[PDB]
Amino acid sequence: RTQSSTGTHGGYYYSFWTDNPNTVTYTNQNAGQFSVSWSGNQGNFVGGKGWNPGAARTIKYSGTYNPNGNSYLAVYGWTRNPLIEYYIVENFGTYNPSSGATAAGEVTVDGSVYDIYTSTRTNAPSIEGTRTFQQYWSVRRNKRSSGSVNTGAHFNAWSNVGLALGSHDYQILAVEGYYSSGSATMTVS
């Protein structure tokens, strides 16, 4: 029992995916706002609002992020040609989502050091089907739940490590949860 919902709402692209629709409720709200509540410590989900295609843009977000357990808050997106999955992690709960990726330096932007990581996913699900692709991570040391993200500074930092980013696909401010509980209301602009 999986559910995937994508579209445009309030002038913004949105995406919500879960393998347990009964324990997670995603609500599109006006403009770049969305809410997610999840309970019962059951199920995996990722959802949020943003843009398709993405770009090197300044992403402003504000709201309330109240996880209880395994969860993160991240700018999240993809490129093609080459195929790259990337995460700018602004906050997380009890597990660092970068675990197992390879350390690849530091970048200081938007009020904090971010630790950079890279990984390779081999025959894994992608926006293009089963593929081998590169992942980039920036993980904020100073966790926060509102602010601005200069995505281009991260893109440039990643390009000095490995492959440069390709042509943008979607780019969202995402809330994720993994067998946990919580609630969040975020507004992107």
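For every residue, the number given is its place in the sequence shown, counted from 1.
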Q: Could you check the entry and say whether 170 to 178 or 8 to 16 has the higher mean CA B-factor?
A: 8 to 16
Q) Which has the higher mean CA temperature factor in the PDB entry, 45 to 53 or 129 to 137? A) 129 to 137
(Q) Just the C-alpha B-factor column, please: which of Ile84, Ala74, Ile116, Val109 has the biggest number? (A) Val109
Q: Please pick out which of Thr151, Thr122, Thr64, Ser35 has the largest Cα B-factor as recorded in the entry.
A: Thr122
Q.
Lowest, middle or highest third: which one holds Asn96 when the chain's residues are ordered by CA B-factor from the entry?
A. highest
**Q.** Third of chain Cα B-factors occupied by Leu163
**A.** highest
